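Note: ideal-geometry Cβ built from the backbone for every residue, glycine included; neighbour counts use all protein chains shown. Read the figures in this text as sums done on the coordinates, not as results from a lab.
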Amino acid sequence: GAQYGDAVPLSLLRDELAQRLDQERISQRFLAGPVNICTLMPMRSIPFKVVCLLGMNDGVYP
DNA sequence: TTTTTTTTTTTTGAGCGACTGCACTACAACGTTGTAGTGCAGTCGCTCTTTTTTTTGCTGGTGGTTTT
């Protein structure tokens with residue numbers, strides 16, 4: 001799409017394909033049936049009754 | 001294009017340095033012999049650490065799992 005004319009080696013395309021195969025995004029699906037195990041972002045202000053916070057040691061969070 | 005069998009483990013330390021025994025000549029004590037010093041070879045102890053250091057995009061943004 002940029003109309004590149006010069007030669008492109010193998011390692012650049014190999015690293016670009018390796019970067020696009022490990023781009024699996026963190027799932028934010030919520031199921032109302034079972035208890036939801038998830039990270040902080042998906043529900044920021046949703047008002048649940050019981051709220052548990054794991055992994056609150058130094059270095060990891062924030 | 002088809003198809004057969006099968007239950008037995010092995011090996012691994014070597015260089016450095018001392019202990020002890022026998023041979024071998026030099027030299028003084030009593031021509032010959034006993035004591036002393038060294039060379040070479042078989043046998044044997046011993047001994048060979050300690051450790052840790054990191055950036056990676058939570059959903060960076062037309063994004064988003066699941067039913068007929």
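Among the conditions (1) more than 16 Å from the chain's Cα centre (by Cα); (2) surrounded by 10 or more Cβ atoms within 10 Å (Cβ to Cβ); (3) not hydroxyl-bearing (S, T, Y), the only one that A:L10 does not satisfy is (2). Looking at this structure, is A:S27 of a type in the set (S, T, N, Q) and not in a loop (DSSP other than H, G, I, E, B)? So A:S27 does not fit the description; no. Does segment A:29-38 contain any residue that is among the polar types (S, T, N, Q) and loosely packed, with under 10 Cβ neighbours inside 10 Å? No. When residues in segment A:1-47 are screened for being more than 15 Å from DNA strand B (Cβ to nearest atom) and closer than 23 Å to A:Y61 by Cβ, 2 of them pass. Per the conditions (1) exposed (fewer than 10 other Cβ atoms within 10 Å of the Cβ); (2) assigned to a loop (DSSP other than H, G, I, E, B); (3) not polar (S, T, N, Q), the sole criterion not satisfied by A:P42 is (1).
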